[PDB]
Amino acid sequence: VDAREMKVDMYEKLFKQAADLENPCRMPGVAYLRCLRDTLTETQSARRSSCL
Amino acid sequence: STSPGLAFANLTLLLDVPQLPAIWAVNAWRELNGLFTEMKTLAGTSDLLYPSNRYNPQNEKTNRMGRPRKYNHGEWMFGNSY
Amino acid sequence: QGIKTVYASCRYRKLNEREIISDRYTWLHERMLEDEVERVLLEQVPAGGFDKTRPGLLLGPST
Amino acid sequence: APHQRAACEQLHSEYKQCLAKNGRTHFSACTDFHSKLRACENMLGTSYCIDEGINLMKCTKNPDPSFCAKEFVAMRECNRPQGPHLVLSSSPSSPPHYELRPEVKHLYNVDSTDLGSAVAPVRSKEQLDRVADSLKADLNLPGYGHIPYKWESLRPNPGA
Amino acid sequence: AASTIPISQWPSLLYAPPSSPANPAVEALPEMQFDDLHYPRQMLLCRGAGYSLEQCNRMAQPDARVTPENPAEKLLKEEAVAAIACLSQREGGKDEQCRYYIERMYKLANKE
Amino acid sequence: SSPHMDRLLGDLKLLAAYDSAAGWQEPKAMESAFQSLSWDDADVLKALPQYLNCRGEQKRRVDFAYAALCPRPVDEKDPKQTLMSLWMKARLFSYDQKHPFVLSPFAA
Amino acid sequence: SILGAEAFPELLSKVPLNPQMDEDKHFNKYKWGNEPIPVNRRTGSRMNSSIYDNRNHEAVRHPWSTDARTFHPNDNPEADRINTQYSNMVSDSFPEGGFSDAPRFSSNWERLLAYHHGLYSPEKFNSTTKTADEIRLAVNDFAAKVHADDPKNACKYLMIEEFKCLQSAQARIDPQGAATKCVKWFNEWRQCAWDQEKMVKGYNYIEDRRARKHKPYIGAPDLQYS
Ligand SMILES: CCCCCCCCCCCCCCCCCC(=O)OC[C@H](COP(=O)([O-])OCC(O)COP(=O)([O-])OC[C@@H](COC(=O)CCCCCCCCCCCCCCCCC)OC(=O)CCCCCCCCCCCCCCCCC)OC(=O)CCCCCCCCCCCCCCCCC
Ligand SMILES: CCCCCCCCCCCCO[C@@H]1O[C@H](CO)[C@@H](O[C@H]2O[C@H](CO)[C@@H](O)[C@H](O)[C@H]2O)[C@H](O)[C@H]1O
Ligand SMILES: CCCCCCCCCCCCO[C@@H]1O[C@H](CO)[C@@H](O[C@H]2O[C@H](CO)[C@@H](O)[C@H](O)[C@H]2O)[C@H](O)[C@H]1O
């Protein structure tokens with residue numbers, strides 16, 4: 001779970017440095033990564049239904 | 001006795017000498033709190049304690065600033081993450 | 001005050017040592033988590049590695 | 001040997017679990033696993049940071065004035081998957097140096113692989129003068145050392 | 001009396017303007033919105049989904065995230081219609097010919 | 001021979017004048033504007049109750065246009081502002097139900 | 001067939017759109033009259049401002065020919081400024097219609113080269129001032145986007161405030177002057193970023209014992225601070 005948290009933090013940092021507030025995809029990307037953070041303690045099968 | 005020119009000293013005395021017991025009590029309370037903190041440190045702690053700091057909230061599930069610890073859900077080979 | 005100061009000097013020395021070692025252990029923990037993430041990522045690399053000569057995504061003609 | 005690979009991965013996870021359960025103060029209890037882990041290494045060409053972790057644990061309870069920095073960095077570089085990027089050059093020289101592997105030189109902003117000595121310099125009037133002269137030459141500022149007014153005194157430097 | 005507002009106090013002047021005979025809803029000024037990216041974003045999302053330009057233009061809809069509607073248009077409906085009738089009949093209420101309806105509405109809305 | 005356009009532009013000018021007179025503290029001027037705000041248009045009068053009961057896509061189009069023209073939220077207590085807003089919205093509703101609006105830059 | 005019959009109610013009914021029109025057409029419906037906005041405030045060119053600049057109060061030089069008559073801010077305003085709305089306030093520091101230093105390029109490569117060297121942007125040269133409503137719309141959209149980005153962030157309102165101050169100071173047409181005003185909120189946001197990071201990652205330090213003269217006077221209260 002700790003490594004999953006680290007991976008999600010890396011994704012978020014990278015994507016926020018890449019996309020600025022004027023970028024359209026920033027909000028969807030951040031929302032998806034937030035859903036991942038919420039669903040860390042789960043399996044991919046159960047996480048797909050929620051993050052799709 | 002007194003006089004108008006001694007109003008400064010009269011006021012200062014009347015307002016300060018009654019506070020000396022409270023000042024001494026505050027000093028004694030600080031000494032006792034330091035003693036208890038040092039006894040607890042000697043007994044042992046998971047994370048360190050800052051002696052001369054106001055508040056020490058750190059524990060196994062709390063940072064040294066009152067927030068939850070990051071990356072503390074699992075276990076680590078080297079033991080505590082701190 | 002001198003007795004208290006001697007005791008405090010000893011305690012502060014020990015505390016400085018412990019604080020340094022604790023911060024370095026935290027650093028190591030984070031770096032090891034990063035290493036685990038990287039070890040898991042390296043499995044997604046295709047066989048033979050990446051083709052660093054061409055672009056991964058070709059997004060337009062070249063006429 | 002995928003069966004053996006999986007078996008040794010399970011063994012390594014078990015070793016980590018036992019080490020975590022015991023703690024870094026009581027680490028001499030998990031010496032049972034070295035017998036198998038060294039064979040794993042010699043067979044699969046893999047490493048497990050055994051000696052590095054053991055040395056770090058032993059040092060952090062009886063620490064060095066450096067506070068075990070070299071042990072920390074050694075463990076950090078050894079736990080990397082593809083291998084260490086930064087190492088401590090084994091040398092007959094008196095001061096050791098930090099060296100960078102060439103295959104990863106393109107990831108770091110360096111001209112060479114020598115990142116400097118692993119110990120700080122020693123205080124020396126000569127070295128201080130050398131650095132100051134080099135800085136003065138690099139700056140090339142006409143006006144350094146000029147004193148427009150000095151307190152009138154028989155002493156050359158009044159005050160200082 | 002009305003003193004000059006320096007340039008450093010303009011951000012507060014925008015969301016706390018001075019009193020006027022026709023004031024806006026200061027409590028709602030932070031809720032006034034009009035998105036210039038609505039249709040561009042809609043088209044981008046649809047084309048990324050895989051639709052064509054014609055399908056996108058047929059599926060396009062105007063933005064709902066605009067400044068909210070005045071609740072008076074739903075609460076004071078009948079009084080407003082009556083006032084508008086009075087105005088249409090009396091030339092805009094010249095020489096106080098719709099004071100009746102206007103005062104009824106003002107009382108209903110203010111309550112002293 | 002262009003009554004719709006003429007009255008639209010006139011109403012816009014009168015709204016601007018009302019705002020300016022409010023800013024400059026001129027009751028006489030702002031009441032002159034309110035009185036001159038074309039209250040004798042049968043089409044808009046007939047569309048008013050229709051707008052007060054419309055719902056859905058037509059209402060959203062009209063509200064989008066009214067936010068484009070007058071985005072500032074009027075005070076919920078000023079009946080004059082409320083009525084001028086209603087009148088402008090009814091005019092836009094009439095124009096839309098005669099010939100709908102096309103607000104998207106993409107179109108063909 | 002006459003043109004624009006029902007389109008000039010302002011003319012039919014003597015309704016002035018502003019005190020200037022009132023004074024011009026002699027409608028006389030503004031009780032307080034009109035104080036004309038002089039031409040040096042109605043139009044003009046960009047000027048240097050700092051006293052630590054040698055060409056202070058002088059027009060900015062461009063690659064193209066430009067009228068060097070400058071916009072003069074209102075330095076000695078009257079006591080009564082009856083209209084204290086943004087509309088009437090912005091005219092004291094910028095011209096509503098924009099500055100008069102816009103180019104008409106004879107070719108496209110001149111425009112290209114000016115942009116490439118940082119001497120032209122249409123956003124800056126072909127544009128007017130922003131109205132209060134536009135400023136508010138932009139600020140509210142930006143605030144919504146920031147909130148969607150992260151609600152549990154402490155520097156959110158600080159970022160919103162620097163955006164707001166830029167918009168209010170018209171950074172599109174006076175970027176340097178506006179940055180001069182908004183760098184303070186930028187600095188506060190920087191500080192808040194560090195503070196949030198140190199609260200997230202527990203970062204503290206060993207505080208030293210209390211000083212012998214922490215209190216200047218024994219009778220003084222030593223208010224405790226976290
Ligand atoms: C009439 C009364 C008596 C008059 C005489 C009194 C003066 C005696 C001193 C004479 C020695 C002067 C030295 C001359 C050599 C050149 C050096 C020099 O002069 O520079 C000093 C100074 C300028 O120095 P500078 O320009 O900064 O450059 C270098 C520094 O000076 C120095 O370089 P530095 O900065 O690196 O040195 C730092 C440190 C160096 O020194 C030290 O560190 C310590 C020195 C202290 C030593 C203490 C003694 C040691 C004792 C050991 C033994 C102990 C036990 C035994 C004793 C027990 C005691 C009970 O501190 C000093 O410099 C001390 C200097 C003191 C200057 C003299 C102060 C007196 C001003 C005049 C008073 C006038 C009174 C009224 C007169 C009334 C007449 C009507 O100029 C003067 O002091 C001018 C002296 C003029 C004397 C005038 C006498 C009266 C004449 C009247 C004329 C009429 C017209 C006057 C106008 C008003 C009319 C009404
Ligand atoms: C019965 C209890 C003892 C009764 C006698 C009490 C005498 C106390 C007054 C002595 C002067 C104290 O003045 C000042 O207060 C406390 C110690 O008290 C110290 O304060 C510092 O060390 C103490 C440790 O005890 C910490 O709790 C505290 O966070 C830190 O600020 C200061 O270093 C000291 O300079
Ligand atoms: C050739 C012969 C040489 C003789 C050498 C004699 C050495 C004597 C050394 C004593 C030095 C004491 O120095 C002083 O002591 C007191 C308590 O004791 C310290 O402590 C004091 O200040 C600090 C904070 O300011 C706190 O601990 C506390 O508030 C107070 O007790 C001082 O921080 C220290 O500056």
Side-chain angles (χ1 to χ4, degrees), chain A residues 20-24, chain C residues 59-63, chain E residues 7 34-41 43-44 53, chain F residues 68 103-108, chain G residues 20 37-50 52-74 86-87 90-135 137-139 141-142 163 165-183:
Chain A
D20 59 334
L21 294 161
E22 304 185 331
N23 190 315
Chain C
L59 293 176
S62 55
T63 66
Chain E
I7 186 165
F34 191 75
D35 207 341
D36 295 320
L37 289 168
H38 175 56
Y39 283 108
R41 175 167 46 214
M43 177 61 63
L44 183 67
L53 184 65
Chain F
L103 303 157
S104 180
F106 313 86
Chain G
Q20 198 66 64
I37 303 300
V39 58
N40 63 347
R41 271 204 285 148
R42 282 199 300 272
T43 186
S45 67
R46 290 166 173 90
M47 60 202 289
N48 310 116
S49 66
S50 185
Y52 302 98
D53 187 323
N54 278 295
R55 284 97 177 83
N56 185 22
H57 295 135
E58 301 182 12
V60 172
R61 284 179 56 198
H62 303 108
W64 55 90
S65 70
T66 331
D67 156 61
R69 295 175 294 181
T70 50
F71 167 93
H72 277 71
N74 200 5
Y86 189 90
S87 308
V90 74
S91 306
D92 296 357
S93 301
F94 313 94
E96 287 176 287
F99 298 95
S100 67
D101 49 11
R104 275 67 55 93
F105 287 110
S106 306
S107 307
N108 180 34
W109 62 269
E110 296 176 5
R111 184 188 300 267
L112 263 162
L113 196 68
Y115 172 78
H116 173 75
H117 278 287
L119 298 153
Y120 166 77
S121 76
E123 189 163 18
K124 178 181 173 177
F125 285 98
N126 201 32
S127 295
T128 57
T129 53
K130 288 282 158 183
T131 301
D133 299 0
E134 308 181 39
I135 295 170
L137 297 166
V139 171
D141 282 318
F142 179 80
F163 185 94
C165 292
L166 289 170
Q167 289 286 327
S168 70
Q170 303 287 344
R172 303 283 180 193
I173 67 181
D174 261 318
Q176 204 75 336
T180 299
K181 320 292 205 313
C182 301
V183 61

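In what follows, chains are A, B, ... by sequence order, proteins preceding strands, each numbered from 1.
Ring geometry, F71(G) versus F99(G): the interplanar angle exceeds 60°, so the pair is classed perpendicular (tilted spans 30 to 60°).
To the nearest 0.5 Å, the span separating CZ on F34(E) from CG on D133(G) amounts to 12.0 Å. Between the CZ atom in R69(G) and the OG1 atom in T43(G) there is a gap of 8.0 Å [rounded to 0.5 Å]. Between the CZ atom of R46(G) and the CD atom of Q176(G) there is a distance of 12.5 Å, given to the nearest 0.5 Å. In this structure, CG on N48(G) lies 9.0 Å from CZ on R55(G), to the nearest 0.5 angstrom. Atom CG of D101(G) and atom CE of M47(G) lie 12.5 Å apart (nearest 0.5 Å). Atom CG in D36(E) sits 7.5 Å away from atom CG in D141(G) (nearest 0.5 Å).
Counting heavy-atom neighbours within 6.0 Å of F106(F) CZ, excluding the residue itself, gives a total above 12. Around CG of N54(G), the count of heavy atoms belonging to other residues, nucleotides or ligands within 6.0 Å does not exceed 12. Heavy-atom contacts from other residues, nucleotides or ligands closer than 6.0 Å to CG of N126(G) number 12 or fewer. When the shell of 6.0 Å around CZ of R172(G) is examined, it contains 12 or fewer heavy atoms from other residues, nucleotides or ligands.
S50(G) places a side-chain N or O within 3.5 Å of a backbone atom of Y52(G) that can act as its donor or acceptor partner. Of the possible polar contacts, one joining the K181(G) side chain to the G177(G) backbone as a donor-acceptor pair under 3.5 Å is found.
Contact detail for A107(F) and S104(F): the closest heavy-atom pair is CB-O, 4.2 Å. Here the closest heavy-atom approach between residue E123(G) and residue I173(G) is recorded as O-CG2, 4.4 Å. For the pair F94(G) and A169(G), the tightest heavy-atom approach, listed with the atom from each and the gap, is CZ-O, 3.2 Å. Summarising the geometry of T128(G) relative to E96(G), their closest heavy-atom pair is CB-O, 3.4 Å, with the distance given to 0.1 Å. Counting all heavy atoms, side chain and backbone alike, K130(G) lies closest to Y86(G) at O-CE2, 3.7 Å. Among all heavy-atom pairs drawn from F125(G) and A102(G), the shortest one is O-CB, 3.5 Å.
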**Q.** Criterion side chain to side chain contact (heavy atoms under 4.5 Å, CB included) on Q167(G) and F142(G), from CA distance to verdict
**A.** CA-CA 11 Å; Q167(G) 289 286 327; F142(G) 179 80; over 6 Å; no

Q: Could you check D35(E) against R41(E) for side chain to side chain contact (heavy atoms under 4.5 Å, CB included), going step by step and ending with a plain yes or no?
A: CA-CA 10 Å; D35(E) 207 341; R41(E) 175 167 46 214; 2.4 Å; yes

Q | From CA spacing to verdict: side chain to side chain contact (heavy atoms under 4.5 Å, CB included), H57(G), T70(G) | A | CA-CA 8 Å; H57(G) 295 135; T70(G) 50; over 6 Å; no

